[PDB]
Amino acid sequence: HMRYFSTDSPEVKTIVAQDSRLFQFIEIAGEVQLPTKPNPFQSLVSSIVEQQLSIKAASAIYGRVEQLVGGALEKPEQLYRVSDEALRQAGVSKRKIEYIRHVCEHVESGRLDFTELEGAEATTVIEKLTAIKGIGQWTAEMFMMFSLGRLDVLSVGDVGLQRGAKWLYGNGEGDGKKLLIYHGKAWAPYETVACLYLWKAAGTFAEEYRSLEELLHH
């Protein structure tokens with residue numbers, strides 16, 4: 001499922017209410033989007049496969065895992081039937097295999113129930129997720145956004161968001177981490193939506209303009 005936020009969405013209106021710099025930016029940048037992966041377990045496994053690899057690299061390895069399970073990876077039970085040597089021959093590293101196994105353990109033991117989590121404060125979700133080997137804070141945070149579609153997430157550690165923060169609130173200078181913590185307070189409870197714009201600022205706009213200030217020379 002793919003989800004769009006227009007410049008006149010109530011979420012966007014909320015995040016800009018007490019931030020005119022963000023407002024000035026959003027009126028130029030237009031809509032943002034939020035991809036939502038249907039299947040949570042599938043997403044976690046895919047997230048582990050991606051670590052340290054290009055989208056091209058990871059896609060090759062994951063394609064081969066799908067063949068081992070005989071189609072879409074949907075359910076942890078599918079991996080019981082696939083050995084570790086098999087996964088290694090497919091190119092999944094030994095560490096990534098331990099992480100994937102740990103995800104399975106946590107889904108099938110019931111520790112990690114995704115329906116109860118759609119409901120929990122962000123603080124709790126991040127706990128339940130980072131309990132899994134291989135899943136760090138950042139990983140949990142990206143997972144909450146791009147897979148559980150949660151709009152109240154601010155990944156302070158994202159170098160992307162940090163780059164956007166400096167651009168939008170420094171003059172392309174200053175401490176992205178600190179800027180992001182400070183200005184982020186203005187966006188509750190739709191922080192994820194701001195983050196989409198920060199990412200947008202970090203990409204195309206960062207490349208063509210020093211700061212938000214420069215862009216406002218029409």
Side-chain angles (χ1 to χ4, degrees), residues 2-26 29-37 40 43-44 47 114 117 119-120 122-125 127-130 135-184 186-203 205-206 209 212-213 215-216:
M2 178 85 63
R3 174 146 203 213
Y4 299 88
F5 292 96
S6 108
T7 64
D8 72 343
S9 296
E11 299 90 341
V12 162
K13 296 256 205 175
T14 290
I15 64 160
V16 307
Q18 315 184 108
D19 193 339
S20 283
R21 292 182 80 107
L22 187 58
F23 176 87
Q24 284 180 102
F25 178 59
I26 291 167
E31 72 192 21
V32 288
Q33 50 176 266
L34 187 54
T36 303
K37 297 242 200 184
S43 293
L44 274 173
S47 300
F114 294 110
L117 296 180
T123 173
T124 302
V125 174
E127 280 152 358
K128 301 285 192 141
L129 294 170
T130 50
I135 312 294
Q137 177 90 19
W138 179 78
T139 312
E141 282 164 336
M142 301 294 283
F143 181 77
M144 294 192 55
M145 288 178 181
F146 289 111
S147 140
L148 294 72
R150 286 283 296 267
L151 301 187
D152 60 340
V153 178
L154 181 73
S155 184
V156 160
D158 191 84
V159 169
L161 296 165
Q162 281 175 17
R163 176 163 155 93
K166 284 156 70 176
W167 187 92
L168 194 65
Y169 299 104
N171 198 23
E173 274 171 302
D175 184 336
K177 202 179 157 130
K178 286 176 129 78
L179 282 172
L180 196 46
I181 288 171
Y182 183 94
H183 287 89
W187 312 326
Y190 297 126
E191 293 93 350
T192 304
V193 181
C195 288
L196 296 175
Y197 284 104
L198 287 195
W199 272 312
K200 221 161 171 75
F205 296 90
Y209 305 102
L212 167 61
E213 285 93 320
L215 180 67
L216 304 185

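Keep in mind that the numbers below use all heavy atoms, side chains included, and drop hydrogens, waters and symmetry copies. We're numbering straight along the sequence, starting at 1.
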Checklist entry - Any side-chain heavy atom of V153 within less than 4.5 Å of one from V125? => result no
Item to check | side chain to side chain contact (heavy atoms under 4.5 Å, CB included) evaluation trace for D158 with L180 | outcome: CA-CA 10 Å; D158 191 84; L180 196 46; 5.9 Å; no
Next on the checklist: Going by the rule side-chain contact (heavy atoms from CB on, under 4.5 Å), which residues pair with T14 if we only count those two or more places apart in sequence or in a different chain?
Outcome noted: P189, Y190
Checklist entry - Shortest non-hydrogen contact from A201 to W167? => result CB-CE3, 3.8 Å
Checklist entry - For the side chain of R163 and the backbone of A202, is there at least one donor-acceptor N/O pair under 3.5 Å apart? => result yes
Item to check | Criterion side chain to side chain contact (heavy atoms under 4.5 Å, CB included) on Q33 and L196, from CA distance to verdict | outcome: CA-CA 7 Å; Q33 50 176 266; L196 296 175; over 6 Å; no
Next on the checklist: With rounding to the nearest 0.5 angstrom, report the OH to CG distance, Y197 to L22.
Outcome noted: 8.5 Å
Checklist entry - With a 4.5 Å limit on heavy-atom distance, are the side chains of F146 and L34 in contact? => result yes
Next on the checklist: Measuring only between side-chain heavy atoms, which start at C-beta, is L161 closer than 4.5 Å to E141?
Outcome noted: no
Checklist entry - Using 30° and 60° as the class limits, which term best fits the ring planes of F25 and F205: parallel, tilted or perpendicular? => result perpendicular
Item to check | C195/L154 under side chain to side chain contact (heavy atoms under 4.5 Å, CB included): CA gap, chis, key distance, verdict | outcome: CA-CA 7 Å; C195 288; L154 181 73; 3.8 Å; yes
Item to check | Spacing of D19 atom CG and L168 atom CG [to the nearest 0.5 Å] | outcome: 7.0 Å
Next on the checklist: Is there a side chain to side chain contact (heavy atoms under 4.5 Å, CB included) between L198 and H183? Walk through the geometry before answering.
Outcome noted: CA-CA 12 Å; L198 287 195; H183 287 89; over 6 Å; no
Next on the checklist: Closer than 3.5 angstrom, by distance alone: can the side chain of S9 be matched with the main-chain N or O of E11 as a donor-acceptor pair?
Outcome noted: no
Item to check | CD-CZ distance between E31 and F5, expressed to the nearest 0.5 angstrom | outcome: 11.0 Å
Next on the checklist: Testing the basics here: between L129 and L44, what is the closest heavy-atom pair and its distance to 0.1 Å?
Outcome noted: CD2-CD1, 4.3 Å
Item to check | Donor-acceptor under 3.5 Å (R21 side chain, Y169 main chain) | outcome: no
Checklist entry - Which residues satisfy the side-chain contact (heavy atoms from CB on, under 4.5 Å) test with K177, sequence neighbours excluded? => result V156, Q162, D175
Checklist outcome for this item: CG of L148 to OG of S43, rounded to nearest 0.5 Å, is 8.0 Å
Checklist outcome for this item: With sequence neighbours left out, the residues meeting side chain to side chain donor-acceptor pair (under 3.5 Å) with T192 are none
Checklist entry - What is the distance from atom CZ of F143 to atom OG1 of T130, rounded to the nearest 0.5 Å? => result 12.5 Å
Item to check | Interatomic spacing from CE in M144 to OG1 in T139 - rounded to 0.5 Å | outcome: 13.5 Å
